[PDB]
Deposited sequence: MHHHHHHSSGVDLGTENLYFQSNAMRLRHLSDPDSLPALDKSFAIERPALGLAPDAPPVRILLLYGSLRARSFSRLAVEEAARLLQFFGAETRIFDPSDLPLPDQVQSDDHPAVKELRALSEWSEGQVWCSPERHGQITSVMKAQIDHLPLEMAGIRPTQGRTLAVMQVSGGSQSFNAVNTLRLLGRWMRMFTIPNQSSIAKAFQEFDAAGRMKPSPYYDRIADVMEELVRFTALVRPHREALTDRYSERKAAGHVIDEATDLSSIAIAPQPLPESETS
């Protein structure tokens, strides 16, 4: 199956547990069953800082009591390749999307743009995406910029997902990951912690109200769904 294996999932050496709240959603909304998050990365390279960033994000999410799933786009058809939504990878990507209650997208910024593999993934998400939350992240080999995360945010908005305000943008990514692929203790890691903390809190909050949040006035008008006793006549 096209899922990435999270090695040492409980090993969080860059996290200061004296400050990390184990259960961020406690008091906001029920945490059972665990909040479901699908994580997507935008690099095919063996040593992808996008994936490794996504993996650190996953470890943090699991620590916060969330259930995670990291999609492996290795064989997902790329944008210019033979498209067919009957493709096994496309089908599994859709399945994971319907599964998730919230999502994390992480893309490298290649010259002010997100990557083909990131686009391909987004293009193959089911407006079935309505009401799911989203956290955006980017990595770059150069100076910190926000073009990729801003692009991701607007794509998420177009799909009617709720993109949280906090986001991650790692500058000179190569300097932040050791040989083992783990992330070094830094403000950047602290930021991913914050983003995942916020995403758990917000997802737990919005997840039980998906129906109601997507029950729109214009949709009721178009369908002729006259509100339960909104008139002075006996319904219906």
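Item to check | Parts of the chain sequence, as deposited, that carry no C-alpha coordinates in this structure | outcome: According to the record, the gaps fall at 1-24, 151-156, 267-279.
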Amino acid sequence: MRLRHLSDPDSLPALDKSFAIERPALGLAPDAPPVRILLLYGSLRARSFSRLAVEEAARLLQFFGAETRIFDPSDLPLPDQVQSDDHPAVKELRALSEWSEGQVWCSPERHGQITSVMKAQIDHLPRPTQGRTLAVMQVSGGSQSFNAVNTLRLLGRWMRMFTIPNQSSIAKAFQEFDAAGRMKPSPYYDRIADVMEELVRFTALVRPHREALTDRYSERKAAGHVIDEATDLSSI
From here on, numbers count along this sequence of modelled residues.
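Inset, instruction - Give the stretch, out of 12-20 and 218-226, with the larger mean C-alpha temperature factor in the deposited entry. - result: 12-20 has the higher mean C-alpha B-factor.
Using the B-factors recorded in the PDB entry, average over the C-alpha atoms of 186-194 and of 26-34, then report which stretch comes out higher.
The entry gives the higher C-alpha B-factor average to 26-34.
Based on the PDB record, which member of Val139, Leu96, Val136, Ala120 exhibits the highest Cα temperature factor?
The listed residue with the largest C-alpha B-factor is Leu96.
Q | Lowest, middle or highest third - CA B-factor, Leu199 | A | It falls in the bottom third of the chain.
query = Where does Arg210 sit by CA temperature factor within its chain: lowest, middle or highest third?
reply = Middle third of the chain for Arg210's C-alpha B-factor.
- Query: How does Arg47 rank on Cα B-factor within its chain, lowest, middle or highest third?
  - Reply: Highest third - that is where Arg47 ends up once the chain's C-alpha B-factors are sorted.
query: What third of its chain's C-alpha B-factors does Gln175 belong to: lowest, middle or highest?
result: Ranked within chain, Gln175 CA B lands in the highest tercile.
Check your understanding: Relative to the other modelled residues in the chain, which third contains the C-alpha temperature factor of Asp80: lowest, middle or highest?
Key -> For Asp80, the deposited C-alpha B-factor lands in the lowest third.
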